[PDB]
Student: 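A single structure is presented below for examination.
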Protein chains: 2
Amino acid sequence: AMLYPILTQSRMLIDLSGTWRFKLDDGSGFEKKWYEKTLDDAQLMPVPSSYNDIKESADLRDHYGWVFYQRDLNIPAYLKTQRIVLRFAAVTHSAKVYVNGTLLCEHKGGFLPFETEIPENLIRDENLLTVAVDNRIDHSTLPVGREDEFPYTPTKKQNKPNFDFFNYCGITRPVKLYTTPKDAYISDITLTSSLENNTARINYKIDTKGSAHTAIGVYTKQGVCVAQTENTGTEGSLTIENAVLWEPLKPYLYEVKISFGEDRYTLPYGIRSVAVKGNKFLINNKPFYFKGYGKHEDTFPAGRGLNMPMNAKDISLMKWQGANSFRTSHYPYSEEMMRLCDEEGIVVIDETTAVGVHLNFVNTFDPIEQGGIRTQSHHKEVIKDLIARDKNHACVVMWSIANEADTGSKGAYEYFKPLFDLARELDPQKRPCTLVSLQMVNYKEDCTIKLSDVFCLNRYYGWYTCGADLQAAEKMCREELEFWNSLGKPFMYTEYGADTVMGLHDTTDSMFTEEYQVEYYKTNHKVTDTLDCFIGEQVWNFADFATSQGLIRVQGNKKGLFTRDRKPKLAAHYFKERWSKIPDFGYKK
Amino acid sequence: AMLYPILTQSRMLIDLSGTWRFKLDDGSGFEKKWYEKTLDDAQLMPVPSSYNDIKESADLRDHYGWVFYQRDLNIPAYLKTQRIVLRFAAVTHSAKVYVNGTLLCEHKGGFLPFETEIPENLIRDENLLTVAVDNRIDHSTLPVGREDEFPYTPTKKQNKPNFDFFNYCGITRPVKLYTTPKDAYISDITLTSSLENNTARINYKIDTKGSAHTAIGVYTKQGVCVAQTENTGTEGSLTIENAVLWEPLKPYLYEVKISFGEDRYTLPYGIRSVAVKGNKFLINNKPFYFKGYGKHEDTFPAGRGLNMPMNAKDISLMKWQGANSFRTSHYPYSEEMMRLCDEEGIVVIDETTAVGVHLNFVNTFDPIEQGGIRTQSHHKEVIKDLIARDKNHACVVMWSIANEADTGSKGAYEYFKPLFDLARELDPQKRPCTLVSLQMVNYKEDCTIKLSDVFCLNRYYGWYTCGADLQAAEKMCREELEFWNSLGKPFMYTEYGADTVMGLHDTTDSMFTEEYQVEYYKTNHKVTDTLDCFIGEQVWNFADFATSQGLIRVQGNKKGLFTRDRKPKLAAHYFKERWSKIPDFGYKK
Ligand SMILES: CNc1ccc2c(n1)sc1c(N3CCN([C@@H]4O[C@H](C(=O)O)[C@@H](O)[C@H](O)[C@H]4O)CC3)nc(NC)nc12
Ligand SMILES: CNc1ccc2c(n1)sc1c(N3CCN([C@@H]4O[C@H](C(=O)O)[C@@H](O)[C@H](O)[C@H]4O)CC3)nc(NC)nc12
């Protein structure tokens, strides 16, 4: 259970972000127990941020292994009357947390929150908070790193990402200290909704620790109570007359206030339905057409780090462009972004960290004993933790189980079936599930056909195939997409695009130019607009972003409609025009 | 024999460049004999120019096969008292020339001149000049095209260059009509020189047609006769007291005036010596250090077409930068450029069209019967024609027989030995010969070791290997170059560089940025500056240039020190500083 920490009448919230001490591990940091004393000969690093781009050092940027963050933690003694909790919104990739040299908790997985109580007896008048952060990736991590997958011997050992984005690490999201009452407090809140005529019934389950009485109340934004049930135990339901539904680009959030003993917590909540029916993706019982992007959490210089002004700018640009949705490629995004999308009416496809589950791009899904991928156990944990964190978001309409796994190979169904079963069991709302499909010659053998509610395709007709032959791209696009269209279920693009360097131009089709980006998209839409079951277009990518170095990466990935500083390329204006003429609902009715 | 056409007291020179009629072949142009009538429904095309980039049409740009050029040719009747000759400085790749529907000549090879007399009886009051131009390349052309070397079927058949520059075709260089006397005229002039104390002896061979008397005279620029021999027949020699030698960056050209019958011709001529001695490249008996580039003939919008303002700009930039030399990668350049280099003092490595002689990047040098490369016969002709055209240029110091052929494979020596023998037999000055060596794991088996006077290496330590690991690049560079340095002969870089998009920057080593280009070069020079036998550095490339489309070509090749419009990147300023501190002679003495 991971409720978003908020300031309430029962809960202090103390942000510990700021300037922290920082030291690269030199191979002796654990042996010499750096976490027991003030870090010596240390640099300074902003928190939250990725550490890789803050300085001008390639050794820092390309570091392999651990780093140590540290700050002083002098807290008011009267907080010891409360339960004191340290929340790490995200530490990428793995973390060990020490208070005063005592290991308090460890965590695997770089993009989901974790927390630990601080034992009263450990707190002294002056305290040290140390966080060791591991950046290493391999066949057991999500995201996956390669291990052995004019030759040269590298100077130093480096991570080998099995994914096309830079391995930004550090204390990515805020660190906060919060409190709750000691004796009785709210642990989790689960809400589902059903529309009966114009009355909405909200089914609640309120998980608590300790012995006390539970109450739930629902308030409009303006502050009018529209439902209240007291001494209700853990499970129950209530009704809202003439409920205002949450709609894409027309958000409405109620305030759900919960009290348990002395503990008080407020959850914003939008009421809406999601259902796949035939070849339709229904939101509030109307056929939606996704218009949007795969994104990244990527800005300069914080890398993956939480950037709230940019989050606000990005949503503003989305609304300027006529988009209604994006996918959290390829990892859960910050709770701050997810709460802003609820507030602004932006639909989200919520994706796990499972990118790179593919050893043949030895078989990927061979037994662990025989060298197959070792991620399934952590993959279940990521699904559990992601749904636990984001289950109550109206903006989340679909779960993406993995990006571009080896789903056309033997064993894939066996790997993914338990994960789809888990996602459907744990999501109280029973939202659609998908995996995002890699382009593949044997696409009719993609195990997504056996598992997903929506077929989400990543296709590069006109870039990675048929480059500079868009007439051939159109023909090959049509041949494959007519297959998917024949299955009768909703399908969409979750990626399609072309690397485009702003400032490069040609009137005559030429890859990497701004004009070719437009013609690439025009050619794809010639096909998709004719296909009844194609219910969404999400470009790759919203904006240019950083990747590992290589001969095909022109200083990162250039498939953005926007540059990294959010300036529109020609194709950004093209999509503003196109999306201005396509309705959010009823385009293909 | 191909003397450069000039206006003389015996020779008219009429430029036929301008706006010509132009038509793509539709598959019926020869069958319907378009060359017998005015071209119907034709476009207009500038001559000289490549045709590919003049319009906005991909079908034109990417055309496969023939096109037809045509213009009217109404010539004064009294030129029929003279011998009338049509000179095509270059038609890329193959040409058929018609006057009034009569085929007058054909030519294979896109970068060297050819000419035909117009029979008096063919000339009418009004005449049509038609030139059919073939752009097709395969295993028999120089440069070589591939034949069979998520798969897709292309919309149209296209050329498949086995080389990294765009296949620009058309009437690349000027078309001119010139005259000579009918009865007796000068066909060729061959000059060699020997320095005895301060007196230069010039050995001449003057090839003529018809019966008349031959005379030779040598004049300073200011117009003073310094030697004259009359009624001298074909071969002879003369002496110049206190001769002024032609030097890199300090040119001096005499004017050699030849008369034969009524025919008169003036040849500019610089006196200088070239010799390889030990690990030294000696010009006028001093150890030269090449500073410069591989170039291309490439400008917008004429493509490969003669651009005399840009030729002057490029030499100016070369002198601004402190360079002293370039290589005519990968084809002979215009005579206009070569004559300007004589006038300006820029040293040239003169290269044939033989790029792409490599079928494994079936064995390249297997018998023609068994599918090996079919270029050796045309390769001999190119060597013959190139040396015939450029033999008298002081600026030409070395012949390059091929760029990046498959010289580490079996049969390579057998292919190249007759060509090196031919080049040494035909060059009256017996200048050094080389081939330009492709980077290759089995570099000790490169047959250049058995054939060349100078080892000319194309190496990309820090780009195509060790990318973003310049410490490893330095180590691998040193290991190989210490081998070449151990052989005791002069060697040099003829290519080394890194794709760099102007405007992309990072303080921390990042491929495609302007800073990485500088660090790439700094790392290579750390090695080359320590190696006694390394006598020259020619970067790839002088300027960004157009290539075929592909995932690693960011709108062409970006390894220029300058952009395509001749603006300096950071590394251009780096080389200005470096070359300002390295002397042309005596750097490694
Ligand atoms: C195992 N590591 C890898 C990966 C990819 C590649 C290599 N090694 S090697 C190489 C290569 N050769 C390198 C040398 N090259 C010369 O250098 C210039 C240049 O490439 O910039 C060319 O313009 C110039 O005309 C040529 O003389 C001509 C081909 N060419 C291309 N594609 C084009 N890709 C690769
Ligand atoms: C036979 N023709 C060729 C030649 C080269 C390549 C292909 N086909 S295919 C492919 C590929 N996949 C394509 C799909 N791709 C997704 O699209 C984005 C993107 O590549 O822009 C990624 O950012 C995003 O995270 C990924 O979900 C992830 C890998 N990736 C890379 N290198 C990275 N090269 C190639």
Side-chain angles (χ1 to χ4, degrees), chain A residues 143 150-152 161-166 294-296 298 327 329-331 351 355-356 358 361 400 402-405 436-441 456-461 463-467 493-500 539-541 544-548 550-553 556-560, chain B residues 143 150-152 161-166 294-296 298 327 329-331 351 355-356 358 361 400 402-405 436-441 456-461 463-467 493-500 539-541 544-548 550-553 556-560:
Chain A
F150 316 102
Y152 77 98
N162 210 28
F163 48 88
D164 186 35
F165 56 93
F166 188 78
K295 276 188 115 282
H296 264 290
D298 172 283
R327 174 176 55 118
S329 35
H330 300 300
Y331 37 77
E351 185 165 280
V355 56
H358 198 325
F361 188 58
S400 174
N403 180 82
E404 293 204 334
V436 174
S437 289
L438 162 79
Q439 185 161 355
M440 86 163 66
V441 286
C456 289
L457 310 183
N458 290 356
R459 294 300 185 269
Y460 290 97
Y461 310 112
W463 187 255
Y464 291 127
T465 183
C466 301
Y493 276 167
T494 36
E495 294 186 20
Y496 68 131
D499 288 82
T500 303
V539 306
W540 195 249
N541 184 291
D544 301 339
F545 60 91
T547 68
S548 293
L551 291 169
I552 61 157
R553 284 295 172 261
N557 186 301
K558 285 290 179 291
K559 293 194 181 65
Chain B
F150 316 102
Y152 77 98
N162 210 28
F163 48 88
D164 186 35
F165 56 93
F166 188 78
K295 276 188 115 282
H296 264 290
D298 172 283
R327 174 176 55 118
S329 35
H330 300 300
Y331 37 77
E351 185 165 280
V355 56
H358 198 325
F361 188 58
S400 174
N403 180 82
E404 293 204 334
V436 174
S437 289
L438 162 79
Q439 185 161 355
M440 86 163 66
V441 286
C456 289
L457 310 183
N458 290 356
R459 294 300 185 269
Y460 290 97
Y461 310 112
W463 187 255
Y464 291 127
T465 183
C466 301
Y493 276 167
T494 36
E495 294 186 20
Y496 68 131
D499 288 82
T500 303
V539 306
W540 195 249
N541 184 291
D544 301 339
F545 60 91
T547 68
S548 293
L551 291 169
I552 61 157
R553 284 295 172 261
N557 186 301
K558 285 290 179 291
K559 293 194 181 65

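Any value given below was found using the heavy atoms of this structure, including those in side chains, with hydrogens, waters and symmetry copies removed. A note on names: the letters A, B, ... follow the listed sequences, proteins ahead of strands, and every chain is numbered from 1. Each ligand, and each atom within it, is numbered from 1 in the order the structure gives.
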Student: Counting distance only, does the side-chain N/O of A:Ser329 pair as donor-acceptor with the main-chain N or O of A:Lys295 below 3.5 Å?
Tutor: yes
Student: I'd like to know if B:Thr465 contacts ligand 1, where contact means a heavy-atom distance under 4.0 Å to any ligand atom.
Tutor: no
Student: Can you list the atoms of ligand 1 that are under 4.0 Å from a heavy atom of B:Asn557?
Tutor: 19 (C), 21 (O), 23 (O)
Student: Among B:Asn541, B:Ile552, B:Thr494, which residue places a heavy atom closest to atom 31 (C) of ligand 1?
Tutor: B:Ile552
Student: Check whether any side-chain heavy atom of B:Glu404 sits under 4.5 Å from a side-chain heavy atom of B:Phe361, and report yes or no.
Tutor: no
Student: Against heavy atoms of A:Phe150, which atoms of ligand 1 measure under 4.0 Å?
Tutor: 1 (C), 2 (N), 8 (N), 9 (S)
Student: For A:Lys559, counting its heavy atoms only, list the atoms of ligand 2 lying under 4.0 Å from any of them.
Tutor: 19 (C), 20 (O), 21 (O)
Student: Please report the C-alpha distance between A:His296 and A:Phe165 in whole Å, then the side-chain angles of each, then the deciding distance to 0.1 Å, and finally whether the side chain to side chain contact (heavy atoms under 4.5 Å, CB included) criterion is met.
Tutor: CA-CA 9 Å; A:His296 264 290; A:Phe165 56 93; 3.5 Å; yes
Student: Would you mind running through ligand 2 and noting each atom that sits below 4.0 Å from a heavy atom of A:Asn403?
Tutor: 27 (O)
Student: For side chain to side chain contact (heavy atoms under 4.5 Å, CB included), just list the numbers for A:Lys558 and A:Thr500, CA-CA rounded to whole Å, side-chain angles, deciding distance to a tenth of an Å, and then say yes or no.
Tutor: CA-CA 5 Å; A:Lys558 285 290 179 291; A:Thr500 303; 5.6 Å; no
Student: Identify, for atom 23 (O) of ligand 1, the protein heavy atom at the shortest distance, and state residue, atom and that distance.
Tutor: B:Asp164 OD2, 2.6 Å
Student: Mind checking whether B:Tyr460 has a heavy atom under 4.0 Å from ligand 1?
Tutor: yes
Student: Tell me, do A:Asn403 and A:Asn458 make a side-chain contact under 4.5 Å, heavy atoms counted?
Tutor: yes
Student: Of the listed options (B:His296, B:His330, B:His358), which comes nearest to atom 25 (O) of ligand 1 when hydrogens are ignored and any heavy atom counts?
Tutor: B:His330
Student: Are A:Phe163 and A:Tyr331 an aromatic pair, judged by ring center distance below 6.0 Å?
Tutor: no
Student: What are the atoms of ligand 2, with element, lying closer than 4.0 Å to any heavy atom of A:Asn458?
Tutor: 27 (O)
Student: Considering non-hydrogen atoms of the protein only, which is the closest contact for atom 4 (C) of ligand 1, and what is the distance?
Tutor: A:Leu551 CD1, 4.1 Å
Student: In terms of atom number and element, which parts of ligand 2 are under 4.0 angstrom from non-hydrogen atoms of A:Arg553?
Tutor: 19 (C), 20 (O), 21 (O), 33 (C)
Student: Checking side-chain polar atoms at under 3.5 Å, does B:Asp164 have a donor or acceptor matched by the opposite partner on B:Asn557?
Tutor: yes
Student: Are any of the side-chain heavy atoms of B:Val441 and A:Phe150 separated by less than 4.5 Å?
Tutor: yes
Student: Determine the minimum heavy-atom distance between B:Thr465 and B:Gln439, stating which atoms define it.
Tutor: CG2-NE2, 3.7 Å
Student: Please state whether B:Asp499 comes within less than 4.0 angstrom of ligand 1, counting heavy atoms only.
Tutor: no
Student: Could you tell me, atom by atom, which parts of ligand 1 come under 4.0 Å of a heavy atom of B:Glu404?
Tutor: 14 (C), 15 (N), 16 (C), 26 (C), 27 (O), 28 (C), 29 (C)
Student: Looking only at protein heavy atoms, identify the closest one to atom 16 (C) of ligand 1 and say how far it is in Å.
Tutor: B:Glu495 OE1, 3.1 Å
Student: Which of the numbered atoms in ligand 1 are below 4.0 angstrom from a heavy atom of B:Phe361?
Tutor: 9 (S), 10 (C), 11 (C), 12 (N), 29 (C)
Student: Can you classify the ring geometry of B:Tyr464 versus B:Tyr460 as parallel (below 30°), tilted (30 to 60°) or perpendicular (above 60°)?
Tutor: perpendicular
Student: Taking the side chain as C-beta and beyond, is there a heavy-atom pair between A:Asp499 and A:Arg553 under 4.5 Å?
Tutor: yes
Student: Compare A:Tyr496, A:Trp463, A:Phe163, A:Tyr464 and give the one whose heavy atom is closest to atom 20 (O) of ligand 2.
Tutor: A:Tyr464
